[PDB]
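These protein sequences, in sequence, are chains A and B.
In this text, residue positions in the first sequence follow the deposited numbering: the first is 233, and each later residue adds one.
In this text, residue positions in the second sequence follow the deposited numbering: the first is 538, and each later residue adds one.
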Amino acid sequence: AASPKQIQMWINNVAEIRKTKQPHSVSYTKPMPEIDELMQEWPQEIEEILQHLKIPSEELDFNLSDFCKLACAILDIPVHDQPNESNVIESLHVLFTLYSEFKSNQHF
Amino acid sequence: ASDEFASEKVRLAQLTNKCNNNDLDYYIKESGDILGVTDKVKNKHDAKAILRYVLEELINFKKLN
């Protein structure tokens, strides 16, 4: 085994080739759910739980990062362990994609 | 036409490749600009407001009926 220091190092080195190679594209470190599956309607039980979940943007150390993980949890977007210092950024990307292709459909 | 969508995709991709967890704040609000969200938010300088907006929108968007 190795340090999570060494692990992130390895990931950065691999990413450095792929990222800079194609700057127009994102490749997740671990698999993420298909976008169209994330577009399924709420199962009714969950929808009904959600009518009563009030968004706690204000929770004193629901800091930015905690909030982000809640939002992903709500939407079934996993937050992976790796990369230990950019995992939330990958999850948010899936969230913003989802948002994007919703807006796309809404505009007929 | 309208793959201003294909633009926002590549831009959002490029933003993503450059950011780690330390850039959460900045990553949210320039995603917020790319998606034209930033203008519909009361508090455009809070990052939690921007994300709160996108989340509620996505919650509505998945509602049946």
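C-beta atoms are modelled at their ideal positions from N, C-alpha and C, and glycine is treated no differently.
Residues of the segment 282-300 of chain A with a Cβ closer than 7 Å to any Cβ of chain B, in chain order: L282, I287, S289, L296, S297, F299 and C300. A:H325 and A:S259 have their C-alpha atoms some 10 Å from each other. Residue environment analysis places B:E545 among the buried positions, since at least 16 neighbouring C-beta atoms fall within 10 angstroms of its C-beta. With a threshold of 8 Å between beta carbons, A:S235 makes no contact with chain B. Within 10 angstroms of the beta-carbon of A:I309 lie 16 or more other beta-carbons, which makes it buried. In this structure, the straight-line span from the alpha carbon of A:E317 to that of A:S235 is close to 14 Å. A:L282 and B:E594 have their C-alpha atoms some 13 Å from each other.
Taken through DSSP and simplified to helix, strand or coil, A:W242 comes out as helix. Nearest neighbour of A:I239 by Cα position, chosen from A:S332, A:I267, A:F328 and A:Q314, turns out to be A:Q314.
By the neighbour-count criterion, in which a residue is buried when 16 or more other Cβ atoms sit within 10 angstroms of its Cβ, B:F542 is exposed.
Annotation: A:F299 to B:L549 spans about 21 Å, alpha carbon to alpha carbon.
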